[PDB]
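If you read the sequences in order, they're chains C and A. Heads up, the first sequence is in the authors' numbering, so the first residue is 1091 and it goes up one at a time. Heads up, the second sequence is in the authors' numbering, so the first residue is 893 and it goes up one at a time. We put the CB at the ideal spot given by N, CA and C, even for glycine. Below is one structure, written out as C-alpha cells; the observations come after it.
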Amino acid sequence: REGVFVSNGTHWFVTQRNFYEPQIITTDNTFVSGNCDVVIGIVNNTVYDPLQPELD
Amino acid sequence: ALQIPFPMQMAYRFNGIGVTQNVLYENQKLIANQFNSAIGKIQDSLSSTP
C-alpha cells in the first residue's frame, strides 16, 4: 500500500520509501491483485495475517 | 542520487497520478511499446514539420 519491499539478504520487509523503518509483511499493509504469473520479477514469501495467530 | 529500477520508478509515477501501481505491472509490455512508438514518431514529426 505504501512503501517498498526491501530484503536484507535473507528476509523481506516493507518500508516507507524515504526513511528506513522495516516492518513485517502482513495482510494489513499489502493488497492483492490477480494471480502471480503475469507480473515480471515476482518473488515468494510468507505474508502473515494477524487474525490467524489470535484465533479469536 | 539513490538508484531504483526503472519499472518501479514508473510505478511510483503512476501512483502519483492516482492510478494504482498494479495497473503498470500488468501492462508493462504494452506500456513499453507505446512509449517506444511515441519516441520514434517524435523525430519524424520534427523533421516533416516545416
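For the C-beta of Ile-1115/C, not a single chain A residue is nearer than 9 Å; the gap to the nearest is close to 16 Å. Taking the Cα of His-1101/C as reference, the smallest distance to any Cα among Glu-1111/C, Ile-1115/C, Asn-1119/C is reached at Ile-1115/C. Residue pairing of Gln-926/A in beta bridges, as defined by DSSP: absent, with no partner found.
By the Cβ-count criterion, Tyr-1110/C is exposed, with fewer than 16 other Cβ atoms from all chains shown falling within 10 Å of its own Cβ. Judged by their CB atoms, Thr-1117/C and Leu-1141/C are nearer to each other than the 9 Å cut-off. Between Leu-922/A and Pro-899/A, the C-beta spacing is not below 9 Å.
Membership of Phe-898/A in the alpha helix (DSSP H) is indicated by the continuous run 898 to 908.
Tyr-917/A sits in a helix when the DSSP states are folded into three classes.
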